[PDB]
Amino acid sequence: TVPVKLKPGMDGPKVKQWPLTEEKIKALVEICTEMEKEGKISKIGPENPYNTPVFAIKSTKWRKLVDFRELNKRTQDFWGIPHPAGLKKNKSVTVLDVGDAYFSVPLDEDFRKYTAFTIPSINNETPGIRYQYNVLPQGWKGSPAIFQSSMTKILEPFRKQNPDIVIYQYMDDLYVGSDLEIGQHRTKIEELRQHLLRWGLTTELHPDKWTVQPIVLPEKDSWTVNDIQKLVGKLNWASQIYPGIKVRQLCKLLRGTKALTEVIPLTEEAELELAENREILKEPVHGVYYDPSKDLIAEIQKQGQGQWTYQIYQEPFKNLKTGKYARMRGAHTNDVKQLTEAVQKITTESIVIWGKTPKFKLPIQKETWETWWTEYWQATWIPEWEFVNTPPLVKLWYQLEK
Amino acid sequence: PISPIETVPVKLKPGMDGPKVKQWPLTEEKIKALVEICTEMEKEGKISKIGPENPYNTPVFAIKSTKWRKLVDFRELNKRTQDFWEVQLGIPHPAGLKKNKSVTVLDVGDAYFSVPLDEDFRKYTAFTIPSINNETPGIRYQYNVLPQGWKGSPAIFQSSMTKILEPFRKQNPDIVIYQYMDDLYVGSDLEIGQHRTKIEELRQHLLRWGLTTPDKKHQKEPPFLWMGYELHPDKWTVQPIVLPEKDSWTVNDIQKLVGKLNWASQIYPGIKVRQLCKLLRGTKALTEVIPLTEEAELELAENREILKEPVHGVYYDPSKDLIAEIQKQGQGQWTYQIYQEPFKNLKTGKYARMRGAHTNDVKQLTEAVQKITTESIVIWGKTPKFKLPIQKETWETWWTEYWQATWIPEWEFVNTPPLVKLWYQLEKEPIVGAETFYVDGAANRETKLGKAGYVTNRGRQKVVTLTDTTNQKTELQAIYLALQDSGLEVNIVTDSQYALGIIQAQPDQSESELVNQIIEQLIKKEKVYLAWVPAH
Ligand SMILES: Cc1cc(S(N)(=O)=O)ccc1NC(=O)COc1ccc(Cl)cc1C(=O)c1cc(Cl)cc(C#N)c1
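So the sequence lines, in the order shown, correspond to chains B and A. Residues 7 to 64, 68 to 88, 93 to 216, 233 to 431 (the deposited numbering) are what the first sequence spells out, left to right. Residues 1 to 64, 68 to 539 (the deposited numbering) are what the second sequence spells out, left to right.
Here it is as structure tokens:
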């Protein structure tokens with residue numbers, strides 16, 4: 007075992023366990039009695055005051074999902094593999110779960126305490142069941158790192174055999190990228206799983238298709254005072270990104286106090302202005318480049334009717350990427366599901382593109398989100414998030430996307 | 001007979017050191033009692049007489068069977084001990100107890116003193132018995148077991164217990180043992196005699212580890228007294244809450260009262276404390292005597308009558324449905340009852356009017372649902388099917404269009420008035436023909452002087468000069484004018500970033516009178532179309 011430590015002066019996580027369902031507790035209890043036996047985890051005493059949250063996600070088979078977000082932050086660094098720029102340009106990338114790989118390697122006995130976690134009980138009819146990892150834990154940043162030599166090794170043979178195929182490791186995940194056609198691709202992935210499987214491992234993005242979508246402005250036979258106002262508003266706000274966007278000629282048409290419903294005729298100068306503004310918006314703002322030393326920020330607005338809009342940026346109005354996400358079959362009566370779904374999606378894109386997860390600003394109240402985000406979580410990692418109050422215009426502007 | 005229980009590794013906080021506080025001086029009497037006690041505890045094996053090889057010290061005290072007892076103040080040692088995983092802070096709510104044929108309560112007794120101290124750590128617990136009136140060298144000891152009052156005792160004890168029971172719970176899957184502080188509430192569905200025997204088994208399992216326990220000699224008999232509750236074999240009920248009648252009510256008095264009444268509101272239907280609370284206005288001291296108004300004297304009466312009602316509940320049966328029903332008792336106030344079979348309530352409660360900056364009933368309904376859900380998840384590990392006084396149409400129409408992620412788990416409509424609705428809906432498009440007010444307000448934030456008028460396409464005009472206003476009241480006041488001064492159909496355009504707010508959230512209750520006034524107005528119109536245009 008390699009000695010690991012917490013970053014200077016940082017103490018261990020002491021996050022509280024959120025209450026779980028009976029359904030979920032019985033599952034964690036099962037999974038944990040197993041792992042206990044196999045020596046992967048051991049019950050612990052009260053002298054260990056640390057703690058991390060644990061939950062169960064979805068076969069009928071339930072998986073254990075620990076949230077080491079705090080311990081990850083408190084965990085020393087190790088200066093992972095450099096992001097492969099081409100991954101983004103592949104025709105198809107597959108994600109495989111190699112968290113099972115860690116259970117092999119032991120965890121520096123001195124660090125264990127910090128991995129303590131608790132399985133709660135309905136009605137507090139009992140204290141929780143406490144454990145701490147004896148081996149590398151899935152979801153801990155120091156796991157894939159500490160297993161890096163061992164990982165590369167097991168990987169080479171497959172890379173050389175197929176050097177037109179790229180493989181990138183983020184936490185427990187393996188993103189495999191090629192240009193082969195679907196069938197030749199997937200069959201070749203299984204050729205990779207099989208390869209992985211003869212040690213102890215186990216289990233469909235199209236990056237080149239993710240298009241950068243522009244803002245399209247409304248087109249009308251006739252324009253009313255209202256139409257022009259709304260338009261002049263979107264443009265105004267937008268002048269914050271593209272400063273060449275002008276609303277003088279338009280804002281002129283609006284002089285006077287006439288019924289919103291009245292039709293205004295468009296002056297030729299006004300028409301150019303619009304035309305000129307459609308031209309400016311035809312491409313993303315220039316001068317936006319990714320800086321690896323800065324955080325990634327992912328903001329989302331609920332467009333309603335199951336549509337969602339998002340922007341990944343580091344500097345306000347200097348967007349790295351933007352998108353919309355329309356609800357998936359089945360989530361009709363569920364905002365929470367579409368959101369967690371959108372988040373997982375956006376977060377994977379970010380991993381694919383820059384090899385790091387973005388920090389999220391979510392338009393949902395903390396209680397609602399904390400009470401139900403698990404029910405639909407499906408990834409091994411967990412981004413960082415904060416709850417916010419959607420400014421009505423950033424929304425209005427992006428619903429204007431093509 | 002203490003314990004063959006493996007000790008727990010206790011260490012002192014980051015790099016600190018054991019206590020060294022000087023022994024408080026005591027009388028020959030008090031001293032002679034402490035000597036007595038410690039001599040007993042010396043033999044029970046609880047403490048050990050030590051010597052000069054201990055710089056550590058904690059102050060012992062003598063307090064009064069009126070017989071002399073002792074008290075060691077570990078305040079220091081505690082603030083210098085490591086931190087432990089916090090012992091269970093959440094307490095079971097009867098409604099979450101599965102009805103069992105028999106239940107036994109076993110308080111573990113000589114709890115702490117019965118469990119081993121980490122032998123390393125004992126030194127830190129050394130205290131000293133003073134000599135006759137502060138003249139030199141008295142008796143010195145240290146603890147061999149969890150000391151009463153030391154920081155880790157509870158957590159250490161809880162653990163040891165949990166460990167000792169792992170086997171039993173393993174071999175008796177259909178037996179249920181709740182753990183709470185030093186108590187074991189043991190319940191099963193065996194037969195009165197089978198049960199009785201299994202309890203004696205447990206008891207004997209524990210004794211074989213150092214934990215004495217009750218016999219039918221001392222061991223509580225139902226109903227069980229437990230936090231404002233009475234636990235009967237087939238129902239729980241609330242223990243009588245008595246409002247003392249007096250002719251002199253201090254501020255302290257009326258507060259403690261208002262408090263017991265507020266707690267009562269959760270269980271009893273109809274409690275009210277409006278006129279009571281009214282008595283607190285302007286009070287100059289807790290001891291102040293404030294004469295009860297008539298209104299006050301009356302509600303207090305009515306409460307005395309509500310309170311003498313037999314509210315009771317049932318226990319949880321895992322095989323039946325969980326159902327929570329909500330009622331809106333006044334703006335922002337909600338009542339709920341959670342049951343399985345009709346009228347047979349498992350739990351009830353209400354949520355106080357959450358006076359916000361600005362919300363609407365559907366939002367608050369939503370929040371009461373959130374609270375109930377978490378409460379339920381905790382208590383039963385499940386989430387209720389809901390019965391809500393709201394039409395699925397209103398819900399869909401609201402949620403489906405609210406800027407924020409929202410949600411209600413599975414629920415069904417129930418028409419139990421009043422119903423929660425949307426007090427108004429702003430128009431989706433400008434209203435043809437309907438007047439078009441162009442509103443505005445500007446106020447010297449510094450002078451708090453302003454005006455807020457409008458000019459419609461139709462000629463009608465106005466402006467008012469206002470005293471005491473930050474542009475935000477003008478703006479809103481602007482809009483307010485435009486609302487009163489128009490027909491049941493209007494189009495109002497503004498530059499107010501705050502009005503844009505209303506647009507996206509159409510609130511039906513706020514902190515500010517203004518917003519209220521406007522809201523009132525919005526509800527009166529048949530159609531309103533609010534529009535925002537950039538300022539300048
Ligand atoms: C009250 C009662 C009496 C009897 S009998 N027939 O033995 O008198 C049988 C079951 C029950 N109870 C039930 O059916 C449901 O309740 C329970 C179901 C299981 C268990 Cl282990 C305890 C209780 C309790 O009554 C209880 C719970 C706590 Cl947290 C504290 C105290 C406390 N203090 C008592």
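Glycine residues also receive a C-beta, built at the ideal position from the N, C-alpha and C atoms.
Kindly indicate which three-state DSSP category residue i falls into: helix, strand or coil?
| i | result |
| --- | --- |
| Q524 of chain A | helix |
| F77 of chain A | coil |
| residue 574 of chain A | Because residue 574 of chain A is not part of the residues shown, which for chain A are 1 to 539, the question remains open. |
| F160 of chain B | coil |
| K281 of chain A | helix |
| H539 of chain A | coil |
| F130 of chain A | strand |
| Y181 of chain A | strand |
| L246 of chain A | coil |
| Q332 of chain B | strand |
| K73 of chain B | strand |
| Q336 of chain A | coil |
| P313 of chain B | coil |
| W426 of chain B | helix |
Can you find a heavy atom of ligand 1 that lies under 7 Å from the Cβ of residue i?
| i | result |
| --- | --- |
| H361 of chain B | no |
| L100 of chain A | yes |
| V106 of chain A | yes |
| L168 of chain A | no |
| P225 of chain A | yes |
| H361 of chain A | no |
| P236 of chain A | yes |
| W153 of chain B | no |
| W229 of chain A | yes |
| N265 of chain A | no |
| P321 of chain A | no |
| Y188 of chain A | yes |
| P52 of chain B | no |
| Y183 of chain B | no |
| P95 of chain A | yes |
If I'm right that residue i touches residue j with Cβ under 8 Å, what's the distance once you round it to whole angstroms?
| i | j | result |
| --- | --- | --- |
| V314 of chain A | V241 of chain A | 6 Å |
| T131 of chain A | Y146 of chain A | Not quite, the Cβ-Cβ distance comes to about 13 Å (not below 8 Å), so this is no contact. |
| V496 of chain A | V536 of chain A | 6 Å |
| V111 of chain A | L214 of chain A | 5 Å |
| residue 67 of chain A | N306 of chain A | Missing here is residue 67 of chain A; chain A as given proceeds from 64 to 68 without the residues in between. |
| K390 of chain B | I326 of chain B | 7 Å |
| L80 of chain B | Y144 of chain B | About 14 Å separates the two Cβ atoms, so there is no contact after all. |
From the options, pick the residue whose C-alpha is nearest to that of residue i; which is it?
| i | options | result |
| --- | --- | --- |
| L210 of chain B | B:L246, B:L168, B:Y183, B:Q242 | B:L168 |
| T377 of chain B | B:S68, B:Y127, B:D185 | B:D185 |
| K451 of chain A | A:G444, A:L469, A:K465 | A:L469 |
| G285 of chain A | A:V254, A:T477, A:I326 | A:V254 |
| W337 of chain B | B:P387, B:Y56, B:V423 | B:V423 |
| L264 of chain B | B:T253, B:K281, B:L246 | B:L246 |
| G352 of chain B | B:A371, B:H361, B:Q343 | B:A371 |
| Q222 of chain A | A:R199, A:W71, A:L310, A:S322 | A:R199 |
Under 8 Å, do residue i and residue j count as touching if we go by C-beta distance?
| i | j | result |
| --- | --- | --- |
| residue 544 of chain A | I526 of chain A | Because chain A spans 1 through 539 in this model, residue 544 of chain A falls outside it and cannot be assessed. |
| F124 of chain B | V21 of chain B | no |
| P19 of chain A | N54 of chain A | no |
| residue 67 of chain A | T369 of chain A | A break in chain A separates 64 from 68, and the residue in question, residue 67 of chain A, sits inside that break with no coordinates. |
| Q278 of chain B | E302 of chain B | yes |
| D237 of chain A | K102 of chain A | yes |
| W153 of chain A | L34 of chain A | no |
| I47 of chain A | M41 of chain A | yes |
| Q182 of chain A | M164 of chain A | yes |
| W24 of chain B | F77 of chain B | no |
| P236 of chain B | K101 of chain B | yes |
| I329 of chain A | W337 of chain A | yes |
Using a threshold of 7 Å, is the CB atom of residue i nearer than that to any non-hydrogen atom of ligand 3?
| i | result |
| --- | --- |
| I180 of chain A | You won't find ligand 3 in this model; what it holds is ligand 1. |
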